[PDB]
file run-v9.pdb (PDB, N, CA and C atoms)
MODEL        1
ATOM      1  N   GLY A   1     165.668 134.893 171.179
ATOM      2  CA  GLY A   1     166.632 135.614 170.372
ATOM      3  C   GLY A   1     166.017 136.232 169.137
ATOM      4  N   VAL A   2     166.437 137.454 168.824
ATOM      5  CA  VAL A   2     165.996 138.175 167.636
ATOM      6  C   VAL A   2     167.240 138.615 166.878
ATOM      7  N   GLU A   3     167.294 138.306 165.583
ATOM      8  CA  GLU A   3     168.474 138.545 164.759
ATOM      9  C   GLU A   3     168.049 139.296 163.504
ATOM     10  N   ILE A   4     168.277 140.604 163.484
ATOM     11  CA  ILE A   4     167.817 141.443 162.383
ATOM     12  C   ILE A   4     168.767 141.276 161.209
ATOM     13  N   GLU A   5     168.212 141.153 160.003
ATOM     14  CA  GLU A   5     168.990 141.163 158.762
ATOM     15  C   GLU A   5     168.253 142.059 157.777
ATOM     16  N   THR A   6     168.662 143.318 157.729
ATOM     17  CA  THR A   6     167.847 144.364 157.137
ATOM     18  C   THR A   6     168.058 144.442 155.633
ATOM     19  N   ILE A   7     166.957 144.482 154.887
ATOM     20  CA  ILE A   7     166.979 145.075 153.558
ATOM     21  C   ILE A   7     166.944 146.585 153.737
ATOM     22  N   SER A   8     167.969 147.264 153.211
ATOM     23  CA  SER A   8     168.463 148.524 153.773
ATOM     24  C   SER A   8     167.462 149.668 153.938
ATOM     25  N   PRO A   9     166.734 150.138 152.907
ATOM     26  CA  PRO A   9     166.384 151.569 152.853
ATOM     27  C   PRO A   9     165.350 151.990 153.884
ATOM     28  N   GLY A  10     165.495 153.225 154.342
ATOM     29  CA  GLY A  10     164.653 153.791 155.379
ATOM     30  C   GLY A  10     165.090 155.212 155.660
ATOM     31  N   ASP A  11     165.213 155.571 156.934
ATOM     32  CA  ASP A  11     165.932 156.792 157.284
ATOM     33  C   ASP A  11     166.950 156.626 158.401
ATOM     34  N   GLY A  12     166.855 155.590 159.231
ATOM     35  CA  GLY A  12     167.826 155.384 160.284
ATOM     36  C   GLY A  12     167.720 156.329 161.455
ATOM     37  N   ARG A  13     166.613 157.056 161.587
ATOM     38  CA  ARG A  13     166.405 157.924 162.737
ATOM     39  C   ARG A  13     165.026 157.814 163.368
ATOM     40  N   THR A  14     164.002 157.388 162.635
ATOM     41  CA  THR A  14     162.633 157.432 163.137
ATOM     42  C   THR A  14     162.349 156.105 163.817
ATOM     43  N   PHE A  15     162.396 156.104 165.132
ATOM     44  CA  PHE A  15     162.181 154.879 165.871
ATOM     45  C   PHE A  15     160.862 154.940 166.633
ATOM     46  N   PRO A  16     160.197 153.805 166.824
ATOM     47  CA  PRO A  16     158.959 153.803 167.608
ATOM     48  C   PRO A  16     159.231 153.994 169.090
ATOM     49  N   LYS A  17     158.262 154.594 169.771
ATOM     50  CA  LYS A  17     158.347 154.866 171.198
ATOM     51  C   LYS A  17     157.195 154.176 171.922
ATOM     52  N   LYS A  18     157.062 154.483 173.209
ATOM     53  CA  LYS A  18     156.008 153.891 174.019
ATOM     54  C   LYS A  18     154.649 154.449 173.622
ATOM     55  N   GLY A  19     153.658 153.564 173.557
ATOM     56  CA  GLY A  19     152.300 153.976 173.267
ATOM     57  C   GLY A  19     152.051 154.419 171.847
ATOM     58  N   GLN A  20     152.941 154.084 170.921
ATOM     59  CA  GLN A  20     152.786 154.458 169.525
ATOM     60  C   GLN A  20     152.274 153.269 168.728
ATOM     61  N   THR A  21     151.458 153.554 167.720
ATOM     62  CA  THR A  21     150.848 152.528 166.887
ATOM     63  C   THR A  21     151.572 152.459 165.551
ATOM     64  N   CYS A  22     152.010 151.260 165.183
ATOM     65  CA  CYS A  22     152.821 151.053 163.997
ATOM     66  C   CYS A  22     152.113 150.134 163.012
ATOM     67  N   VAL A  23     152.425 150.329 161.735
ATOM     68  CA  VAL A  23     151.734 149.693 160.622
ATOM     69  C   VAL A  23     152.712 148.766 159.918
ATOM     70  N   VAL A  24     152.407 147.470 159.934
ATOM     71  CA  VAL A  24     153.350 146.416 159.579
ATOM     72  C   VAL A  24     152.705 145.497 158.550
ATOM     73  N   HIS A  25     153.405 145.249 157.446
ATOM     74  CA  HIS A  25     153.021 144.198 156.506
ATOM     75  C   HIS A  25     153.828 142.934 156.786
ATOM     76  N   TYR A  26     153.508 142.285 157.899
ATOM     77  CA  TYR A  26     154.271 141.118 158.318
ATOM     78  C   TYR A  26     153.980 139.931 157.415
ATOM     79  N   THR A  27     154.969 139.055 157.277
ATOM     80  CA  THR A  27     154.828 137.864 156.442
ATOM     81  C   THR A  27     155.593 136.730 157.112
ATOM     82  N   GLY A  28     154.868 135.846 157.776
ATOM     83  CA  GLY A  28     155.498 134.765 158.495
ATOM     84  C   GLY A  28     156.042 133.695 157.574
ATOM     85  N   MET A  29     156.840 132.817 158.173
ATOM     86  CA  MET A  29     157.435 131.666 157.511
ATOM     87  C   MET A  29     157.963 130.709 158.565
ATOM     88  N   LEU A  30     157.616 129.440 158.458
ATOM     89  CA  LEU A  30     158.202 128.427 159.312
ATOM     90  C   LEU A  30     159.496 127.944 158.676
ATOM     91  N   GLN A  31     160.461 127.583 159.518
ATOM     92  CA  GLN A  31     161.764 127.168 159.018
ATOM     93  C   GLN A  31     161.660 125.819 158.325
ATOM     94  N   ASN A  32     162.235 125.745 157.116
ATOM     95  CA  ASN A  32     162.260 124.544 156.272
ATOM     96  C   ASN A  32     160.853 124.040 155.976
ATOM     97  N   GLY A  33     159.923 124.976 155.823
ATOM     98  CA  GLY A  33     158.531 124.651 155.599
ATOM     99  C   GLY A  33     157.863 125.812 154.900
ATOM    100  N   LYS A  34     156.555 125.689 154.721
ATOM    101  CA  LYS A  34     155.822 126.695 153.972
ATOM    102  C   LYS A  34     155.470 127.865 154.879
ATOM    103  N   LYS A  35     154.680 128.789 154.343
ATOM    104  CA  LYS A  35     154.158 129.910 155.095
ATOM    105  C   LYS A  35     153.203 129.438 156.181
ATOM    106  N   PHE A  36     152.887 130.351 157.084
ATOM    107  CA  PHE A  36     151.734 130.146 157.945
ATOM    108  C   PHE A  36     150.878 131.382 158.116
ATOM    109  N   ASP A  37     151.352 132.571 157.755
ATOM    110  CA  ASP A  37     150.543 133.767 157.906
ATOM    111  C   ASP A  37     151.072 134.838 156.972
ATOM    112  N   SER A  38     150.185 135.755 156.602
ATOM    113  CA  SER A  38     150.558 136.959 155.879
ATOM    114  C   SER A  38     149.504 138.016 156.137
ATOM    115  N   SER A  39     149.884 139.267 155.910
ATOM    116  CA  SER A  39     148.928 140.356 155.850
ATOM    117  C   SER A  39     148.848 140.941 154.458
ATOM    118  N   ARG A  40     149.625 140.411 153.515
ATOM    119  CA  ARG A  40     149.528 140.854 152.133
ATOM    120  C   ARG A  40     148.237 140.374 151.491
ATOM    121  N   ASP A  41     147.686 139.263 151.985
ATOM    122  CA  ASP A  41     146.400 138.774 151.504
ATOM    123  C   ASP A  41     145.283 139.728 151.887
ATOM    124  N   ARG A  42     145.131 139.965 153.184
ATOM    125  CA  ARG A  42     143.994 140.705 153.700
ATOM    126  C   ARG A  42     144.072 142.189 153.389
ATOM    127  N   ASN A  43     145.276 142.698 153.100
ATOM    128  CA  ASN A  43     145.557 144.112 152.829
ATOM    129  C   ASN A  43     145.132 145.003 153.991
ATOM    130  N   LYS A  44     145.208 144.455 155.202
ATOM    131  CA  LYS A  44     144.758 145.100 156.430
ATOM    132  C   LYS A  44     145.994 145.182 157.312
ATOM    133  N   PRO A  45     146.748 146.265 157.243
ATOM    134  CA  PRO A  45     148.155 146.185 157.651
ATOM    135  C   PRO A  45     148.433 146.312 159.141
ATOM    136  N   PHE A  46     147.589 145.704 159.979
ATOM    137  CA  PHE A  46     147.886 145.263 161.348
ATOM    138  C   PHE A  46     148.410 146.394 162.243
ATOM    139  N   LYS A  47     147.522 147.344 162.509
ATOM    140  CA  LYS A  47     147.844 148.480 163.369
ATOM    141  C   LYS A  47     147.857 148.022 164.824
ATOM    142  N   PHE A  48     149.043 147.798 165.385
ATOM    143  CA  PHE A  48     149.165 147.461 166.795
ATOM    144  C   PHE A  48     150.076 148.466 167.488
ATOM    145  N   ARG A  49     149.993 148.491 168.812
ATOM    146  CA  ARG A  49     150.735 149.437 169.628
ATOM    147  C   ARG A  49     151.857 148.732 170.379
ATOM    148  N   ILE A  50     152.730 149.540 170.974
ATOM    149  CA  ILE A  50     153.986 149.072 171.544
ATOM    150  C   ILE A  50     153.850 148.995 173.058
ATOM    151  N   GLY A  51     154.325 147.897 173.640
ATOM    152  CA  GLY A  51     154.438 147.785 175.078
ATOM    153  C   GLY A  51     153.221 147.252 175.792
ATOM    154  N   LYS A  52     152.314 146.582 175.088
ATOM    155  CA  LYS A  52     151.127 146.023 175.714
ATOM    156  C   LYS A  52     151.085 144.508 175.619
ATOM    157  N   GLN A  53     152.168 143.891 175.131
ATOM    158  CA  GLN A  53     152.336 142.439 175.021
ATOM    159  C   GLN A  53     151.250 141.796 174.164
ATOM    160  N   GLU A  54     150.745 142.541 173.183
ATOM    161  CA  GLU A  54     149.698 142.022 172.317
ATOM    162  C   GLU A  54     150.273 141.061 171.292
ATOM    163  N   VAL A  55     151.386 141.431 170.669
ATOM    164  CA  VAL A  55     152.136 140.505 169.834
ATOM    165  C   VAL A  55     153.049 139.687 170.731
ATOM    166  N   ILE A  56     153.683 138.665 170.167
ATOM    167  CA  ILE A  56     154.656 137.867 170.901
ATOM    168  C   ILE A  56     155.931 138.673 171.100
ATOM    169  N   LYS A  57     156.824 138.171 171.957
ATOM    170  CA  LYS A  57     157.992 138.941 172.372
ATOM    171  C   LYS A  57     159.000 139.095 171.243
ATOM    172  N   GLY A  58     159.267 138.009 170.513
ATOM    173  CA  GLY A  58     160.256 138.061 169.450
ATOM    174  C   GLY A  58     159.849 138.932 168.281
ATOM    175  N   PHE A  59     158.548 139.081 168.050
ATOM    176  CA  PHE A  59     158.083 140.020 167.043
ATOM    177  C   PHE A  59     158.112 141.445 167.569
ATOM    178  N   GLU A  60     158.006 141.609 168.886
ATOM    179  CA  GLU A  60     157.862 142.935 169.470
ATOM    180  C   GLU A  60     159.195 143.661 169.546
ATOM    181  N   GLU A  61     160.238 142.962 169.992
ATOM    182  CA  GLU A  61     161.548 143.578 170.160
ATOM    183  C   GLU A  61     162.194 143.900 168.822
ATOM    184  N   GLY A  62     161.926 143.088 167.798
ATOM    185  CA  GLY A  62     162.471 143.337 166.478
ATOM    186  C   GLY A  62     161.904 144.564 165.801
ATOM    187  N   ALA A  63     160.691 144.976 166.172
ATOM    188  CA  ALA A  63     160.147 146.213 165.626
ATOM    189  C   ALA A  63     160.768 147.430 166.289
ATOM    190  N   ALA A  64     161.308 147.263 167.498
ATOM    191  CA  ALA A  64     161.977 148.369 168.169
ATOM    192  C   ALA A  64     163.324 148.678 167.534
ATOM    193  N   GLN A  65     163.959 147.683 166.920
ATOM    194  CA  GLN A  65     165.262 147.852 166.302
ATOM    195  C   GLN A  65     165.166 148.208 164.826
ATOM    196  N   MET A  66     164.011 148.681 164.373
ATOM    197  CA  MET A  66     163.806 149.079 162.990
ATOM    198  C   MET A  66     163.472 150.560 162.915
ATOM    199  N   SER A  67     163.517 151.090 161.698
ATOM    200  CA  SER A  67     163.123 152.462 161.432
ATOM    201  C   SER A  67     162.029 152.474 160.377
ATOM    202  N   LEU A  68     161.456 153.659 160.157
ATOM    203  CA  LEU A  68     160.461 153.847 159.106
ATOM    204  C   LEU A  68     161.044 153.539 157.740
ATOM    205  N   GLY A  69     160.347 152.688 156.995
ATOM    206  CA  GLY A  69     160.745 152.319 155.666
ATOM    207  C   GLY A  69     161.562 151.053 155.580
ATOM    208  N   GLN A  70     162.153 150.612 156.688
ATOM    209  CA  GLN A  70     163.034 149.459 156.655
ATOM    210  C   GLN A  70     162.248 148.175 156.438
ATOM    211  N   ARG A  71     162.967 147.148 156.009
ATOM    212  CA  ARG A  71     162.370 145.878 155.612
ATOM    213  C   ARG A  71     163.257 144.780 156.191
ATOM    214  N   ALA A  72     162.951 144.363 157.407
ATOM    215  CA  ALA A  72     163.857 143.502 158.146
ATOM    216  C   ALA A  72     163.606 142.039 157.805
ATOM    217  N   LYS A  73     164.185 141.153 158.611
ATOM    218  CA  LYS A  73     163.960 139.716 158.504
ATOM    219  C   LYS A  73     164.211 139.128 159.888
ATOM    220  N   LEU A  74     163.141 138.905 160.640
ATOM    221  CA  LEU A  74     163.272 138.413 161.999
ATOM    222  C   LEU A  74     163.636 136.932 161.998
ATOM    223  N   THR A  75     164.055 136.446 163.165
ATOM    224  CA  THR A  75     164.293 135.016 163.373
ATOM    225  C   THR A  75     164.074 134.766 164.861
ATOM    226  N   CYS A  76     162.890 134.285 165.211
ATOM    227  CA  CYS A  76     162.518 134.141 166.607
ATOM    228  C   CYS A  76     162.836 132.736 167.090
ATOM    229  N   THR A  77     163.518 132.653 168.223
ATOM    230  CA  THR A  77     163.769 131.381 168.864
ATOM    231  C   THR A  77     162.464 130.848 169.447
ATOM    232  N   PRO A  78     162.358 129.529 169.654
ATOM    233  CA  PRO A  78     161.099 128.976 170.182
ATOM    234  C   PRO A  78     160.724 129.456 171.573
ATOM    235  N   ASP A  79     161.696 129.843 172.401
ATOM    236  CA  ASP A  79     161.392 130.210 173.778
ATOM    237  C   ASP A  79     160.649 131.535 173.896
ATOM    238  N   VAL A  80     160.661 132.363 172.850
ATOM    239  CA  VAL A  80     159.993 133.654 172.896
ATOM    240  C   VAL A  80     158.726 133.684 172.065
ATOM    241  N   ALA A  81     158.387 132.600 171.363
ATOM    242  CA  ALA A  81     157.145 132.585 170.597
ATOM    243  C   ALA A  81     156.156 131.543 171.096
ATOM    244  N   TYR A  82     156.429 130.250 170.918
ATOM    245  CA  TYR A  82     155.447 129.243 171.307
ATOM    246  C   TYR A  82     156.057 127.929 171.781
ATOM    247  N   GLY A  83     157.388 127.824 171.894
ATOM    248  CA  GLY A  83     158.086 126.563 171.660
ATOM    249  C   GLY A  83     157.740 125.427 172.600
ATOM    250  N   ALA A  84     157.306 125.743 173.812
ATOM    251  CA  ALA A  84     156.794 124.694 174.678
ATOM    252  C   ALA A  84     155.320 124.439 174.410
ATOM    253  N   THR A  85     154.549 125.506 174.209
ATOM    254  CA  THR A  85     153.107 125.371 174.046
ATOM    255  C   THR A  85     152.753 124.880 172.650
ATOM    256  N   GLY A  86     153.057 125.684 171.638
ATOM    257  CA  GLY A  86     152.647 125.367 170.290
ATOM    258  C   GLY A  86     151.227 125.830 170.062
ATOM    259  N   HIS A  87     151.010 126.625 169.036
ATOM    260  CA  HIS A  87     149.657 127.049 168.726
ATOM    261  C   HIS A  87     148.902 125.873 168.121
ATOM    262  N   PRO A  88     147.733 125.515 168.650
ATOM    263  CA  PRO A  88     147.100 124.248 168.260
ATOM    264  C   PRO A  88     146.576 124.239 166.835
ATOM    265  N   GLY A  89     147.292 123.540 165.959
ATOM    266  CA  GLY A  89     146.889 123.346 164.588
ATOM    267  C   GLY A  89     147.641 124.189 163.585
ATOM    268  N   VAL A  90     148.293 125.266 164.021
ATOM    269  CA  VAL A  90     148.928 126.210 163.115
ATOM    270  C   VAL A  90     150.440 126.238 163.291
ATOM    271  N   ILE A  91     150.919 126.265 164.528
ATOM    272  CA  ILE A  91     152.345 126.271 164.822
ATOM    273  C   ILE A  91     152.650 125.108 165.753
ATOM    274  N   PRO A  92     153.438 124.129 165.332
ATOM    275  CA  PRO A  92     153.767 123.008 166.205
ATOM    276  C   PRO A  92     154.695 123.453 167.317
ATOM    277  N   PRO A  93     154.721 122.738 168.438
ATOM    278  CA  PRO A  93     155.670 123.074 169.499
ATOM    279  C   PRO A  93     157.096 122.809 169.056
ATOM    280  N   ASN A  94     158.020 123.561 169.667
ATOM    281  CA  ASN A  94     159.449 123.567 169.342
ATOM    282  C   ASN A  94     159.670 123.931 167.872
ATOM    283  N   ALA A  95     159.288 125.157 167.525
ATOM    284  CA  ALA A  95     159.376 125.620 166.149
ATOM    285  C   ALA A  95     160.092 126.957 166.079
ATOM    286  N   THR A  96     160.926 127.111 165.059
ATOM    287  CA  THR A  96     161.675 128.336 164.825
ATOM    288  C   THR A  96     160.933 129.171 163.794
ATOM    289  N   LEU A  97     160.768 130.456 164.076
ATOM    290  CA  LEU A  97     159.907 131.314 163.280
ATOM    291  C   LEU A  97     160.733 132.326 162.501
ATOM    292  N   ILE A  98     160.291 132.634 161.285
ATOM    293  CA  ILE A  98     160.919 133.624 160.420
ATOM    294  C   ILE A  98     159.857 134.657 160.078
ATOM    295  N   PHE A  99     160.239 135.929 159.996
ATOM    296  CA  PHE A  99     159.269 136.981 159.700
ATOM    297  C   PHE A  99     159.861 138.002 158.744
ATOM    298  N   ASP A 100     159.420 137.975 157.495
ATOM    299  CA  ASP A 100     159.599 139.129 156.629
ATOM    300  C   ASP A 100     158.692 140.242 157.133
ATOM    301  N   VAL A 101     159.290 141.363 157.525
ATOM    302  CA  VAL A 101     158.574 142.475 158.136
ATOM    303  C   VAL A 101     158.944 143.748 157.398
ATOM    304  N   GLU A 102     157.943 144.468 156.910
ATOM    305  CA  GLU A 102     158.121 145.846 156.480
ATOM    306  C   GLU A 102     157.430 146.753 157.481
ATOM    307  N   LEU A 103     158.109 147.820 157.879
ATOM    308  CA  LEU A 103     157.566 148.801 158.810
ATOM    309  C   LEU A 103     157.373 150.116 158.070
ATOM    310  N   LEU A 104     156.134 150.401 157.688
ATOM    311  CA  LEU A 104     155.749 151.719 157.193
ATOM    312  C   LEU A 104     154.740 152.262 158.188
ATOM    313  N   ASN A 105     155.237 152.813 159.287
ATOM    314  CA  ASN A 105     154.360 153.136 160.396
ATOM    315  C   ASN A 105     153.716 154.502 160.213
ATOM    316  N   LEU A 106     152.886 154.865 161.183
ATOM    317  CA  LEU A 106     152.431 156.233 161.351
ATOM    318  C   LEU A 106     152.748 156.637 162.781
ATOM    319  N   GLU A 107     152.238 157.793 163.209
ATOM    320  CA  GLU A 107     152.497 158.399 164.524
ATOM    321  C   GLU A 107     153.989 158.569 164.808
TER     322      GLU A 107
ENDMDL
END

call {"tool": "encode", "arguments": {"input": "run-v9.pdb", "output": "structure tokens"}}
result
Amino acid sequence: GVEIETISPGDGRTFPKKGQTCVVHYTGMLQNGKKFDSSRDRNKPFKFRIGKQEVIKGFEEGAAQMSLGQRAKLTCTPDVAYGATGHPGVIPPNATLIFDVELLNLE
């Protein structure tokens, strides 16, 4: 499940398509716990493309429901991120994920 809660401003028309590369300042958060990832540290704003399953599913579908300039707030259920597996050492199994996401894309 993906549940968008948008911090408003953007344009409401510019949506990503297939094979397009988008620029995201993602900022993870575990529920009732501290951070686990950011791109604000590295200042390397994570140019990835759409439809190649490179990111996880819950992060991928939430970028499709955003526009240029928007600043969403994802909430990924465990079944679409790691919840049976668990990333070893960083994300425990059966974990709910939160993502502060800004989309200032190109293309």

call {"tool": "select_by_dssp", "arguments": {"input": "run-v9.pdb", "residues": "chain A", "states": "strand (DSSP E or B)", "output": "list in words"}}
result
residues 7, 21, 22, 24, 27, 28, 29, 30, 38, 48, 49, 71, 72, 73, 74, 75, 76, 87, 91, 97, 98, 99, 100, 101, 102 and 103 of chain A

call {"tool": "atom_distance", "arguments": {"input": "run-v9.pdb", "atom1": "atom N of residue 59 in chain A", "atom2": "atom N of residue 40 in chain A"}}
result
17.1 Å

call {"tool": "closest_residue", "arguments": {"input": "run-v9.pdb", "among": "A:36, A:100, A:22, A:107", "to": "residue 87 in chain A", "atoms": "only C-alpha atoms"}}
result
A:36

call {"tool": "resolve_selection", "arguments": {"input": "run-v9.pdb", "expression": "the PyMOL selection byres ((chain A and resi 28) around 5)", "output": "list in words"}}
result
residues 26, 27, 29, 30, 35, 36, 37, 38, 98 and 99 of chain A

call {"tool": "closest_residue", "arguments": {"input": "run-v9.pdb", "among": "A:21, A:9, A:97, A:78", "to": "residue 34 in chain A", "atoms": "only C-alpha atoms"}}
result
A:97

call {"tool": "resolve_selection", "arguments": {"input": "run-v9.pdb", "expression": "the PyMOL selection byres (((chain A and resi 69 and name CA) around 10) and name CA)", "output": "list in words"}}
result
residues 7, 8, 9, 10, 11, 12, 14, 66, 67, 68, 70, 71, 72, 102, 103, 104 and 105 of chain A

call {"tool": "atom_distance", "arguments": {"input": "run-v9.pdb", "atom1": "atom C of residue 51 in chain A", "atom2": "atom N of residue 79 in chain A"}}
result
19.7 Å

call {"tool": "atom_distance", "arguments": {"input": "run-v9.pdb", "atom1": "CA of residue 84 in chain A", "atom2": "atom N of residue 48 in chain A"}}
result
26.1 Å

call {"tool": "select_by_dssp", "arguments": {"input": "run-v9.pdb", "residues": "chain A", "states": "helix (DSSP H, G or I)", "output": "tab-separated table (two decimals) with N, CA and C atoms, in the coordinates of the input"}}
result
chain	number	residue	atom	x	y	z
A	57	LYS	N	156.82	138.17	171.96
A	57	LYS	CA	157.99	138.94	172.37
A	57	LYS	C	159.00	139.10	171.24
A	58	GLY	N	159.27	138.01	170.51
A	58	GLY	CA	160.26	138.06	169.45
A	58	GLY	C	159.85	138.93	168.28
A	59	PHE	N	158.55	139.08	168.05
A	59	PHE	CA	158.08	140.02	167.04
A	59	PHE	C	158.11	141.44	167.57
A	60	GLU	N	158.01	141.61	168.89
A	60	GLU	CA	157.86	142.94	169.47
A	60	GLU	C	159.20	143.66	169.55
A	61	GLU	N	160.24	142.96	169.99
A	61	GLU	CA	161.55	143.58	170.16
A	61	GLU	C	162.19	143.90	168.82
A	62	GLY	N	161.93	143.09	167.80
A	62	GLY	CA	162.47	143.34	166.48
A	62	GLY	C	161.90	144.56	165.80
A	63	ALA	N	160.69	144.98	166.17
A	63	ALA	CA	160.15	146.21	165.63
A	63	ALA	C	160.77	147.43	166.29
A	64	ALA	N	161.31	147.26	167.50
A	64	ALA	CA	161.98	148.37	168.17
A	64	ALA	C	163.32	148.68	167.53
A	78	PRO	N	162.36	129.53	169.65
A	78	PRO	CA	161.10	128.98	170.18
A	78	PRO	C	160.72	129.46	171.57
A	79	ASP	N	161.70	129.84	172.40
A	79	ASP	CA	161.39	130.21	173.78
A	79	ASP	C	160.65	131.54	173.90
A	80	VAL	N	160.66	132.36	172.85
A	80	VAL	CA	159.99	133.65	172.90
A	80	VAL	C	158.73	133.68	172.06

call {"tool": "axis_aligned_box", "arguments": {"input": "run-v9.pdb", "around": "range 84-101 of chain A", "padding_each_side": "5 Å", "output": "AutoDock Vina command-line options"}}
result
--center_x 154.1 --center_y 133.2 --center_z 165.7 --size_x 25.1 --size_y 31.0 --size_z 28.0

call {"tool": "resolve_selection", "arguments": {"input": "run-v9.pdb", "expression": "the PyMOL selection byres ((chain A and resi 18) around 6.5)", "output": "compact mmCIF listing (two decimals) with N, CA and C atoms, in the frame of the given file"}}
result
# COMPACT_ATOMS: atom_id res chain seq x y z
N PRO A 16 160.20 153.80 166.82
CA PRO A 16 158.96 153.80 167.61
C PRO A 16 159.23 153.99 169.09
N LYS A 17 158.26 154.59 169.77
CA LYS A 17 158.35 154.87 171.20
C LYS A 17 157.20 154.18 171.92
N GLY A 19 153.66 153.56 173.56
CA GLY A 19 152.30 153.98 173.27
C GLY A 19 152.05 154.42 171.85
N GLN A 20 152.94 154.08 170.92
CA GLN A 20 152.79 154.46 169.52
C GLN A 20 152.27 153.27 168.73
N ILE A 50 152.73 149.54 170.97
CA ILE A 50 153.99 149.07 171.54
C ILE A 50 153.85 149.00 173.06
N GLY A 51 154.32 147.90 173.64
CA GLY A 51 154.44 147.78 175.08
C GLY A 51 153.22 147.25 175.79

call {"tool": "residues_around", "arguments": {"input": "run-v9.pdb", "residues": "residue 39 in chain A", "least_positions_apart": "3", "cutoff": "7 Å", "atoms": "all atoms listed in the file", "output": "CSV table (one decimal) with N, CA and C atoms, keeping the file's coordinate frame"}}
result
chain,number,residue,atom,x,y,z
A,24,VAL,N,152.4,147.5,159.9
A,24,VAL,CA,153.4,146.4,159.6
A,24,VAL,C,152.7,145.5,158.6
A,25,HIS,N,153.4,145.2,157.4
A,25,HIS,CA,153.0,144.2,156.5
A,25,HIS,C,153.8,142.9,156.8
A,26,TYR,N,153.5,142.3,157.9
A,26,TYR,CA,154.3,141.1,158.3
A,26,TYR,C,154.0,139.9,157.4
A,27,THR,N,155.0,139.1,157.3
A,27,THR,CA,154.8,137.9,156.4
A,27,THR,C,155.6,136.7,157.1
A,28,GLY,N,154.9,135.8,157.8
A,28,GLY,CA,155.5,134.8,158.5
A,28,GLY,C,156.0,133.7,157.6
A,42,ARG,N,145.1,140.0,153.2
A,42,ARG,CA,144.0,140.7,153.7
A,42,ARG,C,144.1,142.2,153.4
A,43,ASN,N,145.3,142.7,153.1
A,43,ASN,CA,145.6,144.1,152.8
A,43,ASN,C,145.1,145.0,154.0
A,44,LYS,N,145.2,144.5,155.2
A,44,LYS,CA,144.8,145.1,156.4
A,44,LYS,C,146.0,145.2,157.3
A,45,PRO,N,146.7,146.3,157.2
A,45,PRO,CA,148.2,146.2,157.7
A,45,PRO,C,148.4,146.3,159.1
A,46,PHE,N,147.6,145.7,160.0
A,46,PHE,CA,147.9,145.3,161.3
A,46,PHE,C,148.4,146.4,162.2

call {"tool": "closest_residue", "arguments": {"input": "run-v9.pdb", "among": "A:101, A:74, A:91, A:81", "to": "residue 2 in chain A", "atoms": "only N, CA and C atoms"}}
result
A:74

call {"tool": "closest_residue", "arguments": {"input": "run-v9.pdb", "among": "A:80, A:65, A:47, A:53", "to": "residue 23 in chain A", "atoms": "only N, CA and C atoms"}}
result
A:47
